[PDB]
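Taking the form deposited in one PDB entry, here's one chain by itself in structure tokens.
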């Protein structure tokens, strides 16, 4: 269920984490108390991607980097989390490269297999209405209910 003819080089660069849906209420709640700054997608050695997220947590700038290892079809990745004792499938399901990308993740190993999440990445920090609806429509088709779909607070700090 990857974006057809996915081109990794065009997915590189700056993105803003503008929305999320998840079946984990804990995760949604933790994320919403953060303020998202910017994300950066960079090439990784294994042929995949390094995803670096910058955010505000209790008024402090924080950064986290995740290695997205190539999995199957181009646009699909695996993320290993030692903390969660789990591996997650991560897929770029839909993107036009220059405005939005929709990512979908679910566990593939360990207790994390119970976990599902959709993310809206936008090239602009405030996405147009058309892009927000693209995200909500995707989330609804994937069985996320209305109150599990979150638009995330943003910040201009940390940059």
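Take the two forms, find the largest set of C-alpha atoms that superpose within 1.5 Å, and that set is the rigid core. Shifts are known only where both forms have a C-alpha. Residue numbers count along the first chain shown, from 1.
Participant: When the other structures of this protein are compared, and only where the residues around it are present, is residue 80 absent from a third or more of them?
Facilitator: In none of the comparable entries (those modelling both sides of it) is residue 80 left without coordinates.
Participant: Identify the stretch, either 43 to 51 or 112 to 120, whose C-alpha atoms have the larger mean B-factor according to the entry.
Facilitator: Averaging CA B-factors over each stretch, the winner is 43 to 51.
Participant: I need to verify one thing: averaged over C-alpha atoms only, is the B-factor higher for 132 to 140 or for 9 to 17?
Facilitator: Looking at the record's C-alpha B-factors, the answer is 132 to 140.
Participant: Taking the chain's C-alpha temperature factors as the reference, tell me which third residue 63 falls into: lowest, middle or highest.
Facilitator: Its C-alpha B-factor, which the entry lists for residue 63, ranks in the middle third among residues of this chain.
The form deposited in another entry is left out here; the points below concern that form.
Participant: Quick check for you: superpose on the rigid core, then look between the shown form and the other one for a C-alpha move of 2 Å or more. Which of 29, 114, 96, 130 is it?
Facilitator: Single hit from the list, 29.
Participant: If you line up the core, does residue 154 shift 2 angstroms or more at its C-alpha between the shown form and the other one?
Facilitator: After core superposition, the C-alpha of residue 154 moves 2 Å or more between the shown form and the other one.
Participant: Looking in the other form, decide if the C-alpha atoms of residue 27 and residue 88 are closer or farther than in the form shown; they differ by 3 Å or more.
Facilitator: So the answer is farther.
Participant: After the core superposition, state the residue ranges of at least 3 consecutive residues in which each CA shifts by 2 Å or more between the shown form and the other one.
Facilitator: After core superposition, the displaced runs are 24 to 32, 34 to 37, 153 to 155, 157 to 159.
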